[PDB]
Amino acid sequence: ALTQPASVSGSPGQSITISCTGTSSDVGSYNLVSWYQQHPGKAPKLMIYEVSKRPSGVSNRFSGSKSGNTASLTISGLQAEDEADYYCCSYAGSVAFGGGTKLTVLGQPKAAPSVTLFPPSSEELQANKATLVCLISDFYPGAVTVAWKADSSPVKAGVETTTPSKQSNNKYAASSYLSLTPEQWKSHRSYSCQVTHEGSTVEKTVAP
Amino acid sequence: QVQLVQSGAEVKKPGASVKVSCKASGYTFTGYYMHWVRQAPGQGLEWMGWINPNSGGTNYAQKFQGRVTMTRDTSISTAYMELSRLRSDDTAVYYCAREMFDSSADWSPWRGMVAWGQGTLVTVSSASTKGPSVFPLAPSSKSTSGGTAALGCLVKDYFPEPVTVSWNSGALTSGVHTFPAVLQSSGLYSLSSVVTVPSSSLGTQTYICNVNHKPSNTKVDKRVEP
């Protein structure tokens, strides 16, 4: 029920401000705005309460203020670890959250993917299945292309690939899976997982 | 240390009901209001209501009045949230969260939520529940290293998220990477978990992944050998 931008960005060391607008019945009438920081796959963390107070141990780079019907979260000296979603909140006869702001910190250097390729296990082959597992980590920015080859020819059927997902270090991870029959796996010289990121390519190959 | 520990993930069919628990420790349970907040996957936070663990009085968001009941058992410091007549847009992570200050402070329980449970994913679906197949990923030194090797577990073809994976029953934590799952065209999920270990330990130390898929009531302890 409160209004905040869906996504903002700033550069490292700079300051940034996130706005949270209510009405004169809630934000405009009470000093009961709180702010929350939420990293991927984690619970929210209370950063500000009563418009401008900081819980113990929260970094003094976070401050809060209000004017009229709009509260503001301000982050000074932006750092890479500040990337997260930020929610504002206010009393309103009830607990009312804003829609959330995704904060991106620009200027992060490129990071190249590290790739591990596993062949199908002997156990899986005995169950009459075969899965090749291509695990891709520590890349930035979060865009990758994955391509499979049987010997030298492209393979598109049986391929399943995740969208890049942010890990804790602000770099991204992705997975690709190639499903085959046991007969297919044993009837070729090799299979390859080929990962392309920012124009550079890593290829890992396995064989029976 | 304050700690809120919630019950494990659940899957339900449309029309059923779910009950989530939250066990609190590290503070006087009856002195602080407990809120419940949910988050649909990829969406924002949505307050559901609060209970006063003293007296047991409740207050619910308009959206859920007549579908939700919150209770507590003060003898085991546990709050409960039950949501009935479930629909697919109730699919969400459900959190318990403790109020900032105790109930003697002015303006509790409207100031904020300092301590959060780990969350409980509830999926509302009419699709079939499926448990995982678990396959060992035998060690490989090719990526990684300086004297290390990567091994893992493949968790294939399970339906409702989530799956958790620990190693050596939680005694192994450094170097563990559990990857987000892929949703395959079959409508089933698959993920992998990999840990990097010293190469010299391979012949002498046993590695076991502990796979937990609470929506199907399935646990797999899979040894991963060279």
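Residue numbering restarts at 1 for every chain, and letters A, B, ... go by the order of the sequence lines. The analysis underlying the following values was restricted to heavy atoms, covering all of them including side chains, and did not include hydrogens, waters or symmetry mates.
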### Query
Are any side-chain N or O atoms of A:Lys53 and backbone N or O atoms of A:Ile48, one a donor and one an acceptor, separated by less than 3.5 Å?
no

### Message
One pair to check against salt bridge (charged side-chain N to carboxylate O under 4.0 Å, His left out): B:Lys19 and B:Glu10. What are the steps and the verdict?
### Response
CA-CA 9 Å; B:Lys19 183 182 232 193; B:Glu10 318 226 11; over 6 Å; no

So that I can tick it off, tell me whether [Y] and [X] are bridged by a salt bridge, with the cut-off set at under 4.0 angstrom between side-chain N and carboxylate O.
X: B:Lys130; Y: B:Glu161; value: no
X: B:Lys156; Y: A:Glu124; value: no
X: B:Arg67; Y: B:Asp90; value: yes
X: A:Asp138; Y: A:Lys171; value: no
X: A:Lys102; Y: A:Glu83; value: no

### Summary
Sorted by chain and number, sequence neighbours left out, disulfide (SG to SG under 2.5 Å) with B:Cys209 holds for B:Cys153

Less than 3.5 Å apart, any donor N or O on the side chain of [X] or [Y] sitting next to an acceptor on the other?
X: A:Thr104; Y: A:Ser9; value: no
X: A:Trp148; Y: A:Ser176; value: yes
X: B:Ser166; Y: B:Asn210; value: yes
X: B:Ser190; Y: B:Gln184; value: yes
X: A:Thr145; Y: A:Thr196; value: no
X: B:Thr69; Y: B:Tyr80; value: no
X: B:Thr144; Y: B:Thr148; value: yes

### Message
Which heavy atom of B:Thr74 sits nearest to which heavy atom of B:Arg72, and what is that distance?
### Response
CG2-NE, 3.5 Å

### Task
Looking only at non-hydrogen atoms, find the nearest pair between B:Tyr32 and B:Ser103 and report the distance.
CA-OG, 4.1 Å

### Message
Taking ring-ring contact (aromatic ring centres under 6.0 Å, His included) as the criterion, tell me which of A:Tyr140, A:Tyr172, A:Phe139 meets it with A:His197.
### Response
A:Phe139

### Query
Name the one of B:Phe64, B:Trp36, B:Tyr33, B:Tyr60 that satisfies ring-ring contact (aromatic ring centres under 6.0 Å, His included) with B:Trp50?
B:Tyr33

### Query
Are A:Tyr49 and A:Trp35 close enough that their ring centres sit under 6.0 Å apart?
no

### Message
Once rounded to the nearest 0.5 Å, what's the spacing between atom CD of B:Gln43 and atom OG1 of B:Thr91?
### Response
10.5 Å

### B:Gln62 CD: over 12 foreign heavy atoms closer than 6.0 Å
no

### Query
Do A:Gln38 and B:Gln39 have side chains that get closer than 4.5 Å, going by heavy atoms?
yes

### Message
Applying salt bridge (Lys or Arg N to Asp or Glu O under 4.0 Å) as the test, list every pair that has at least one member in residues 95-119 of chain B; sequence neighbours left out.
### Response
A:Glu50-B:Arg111

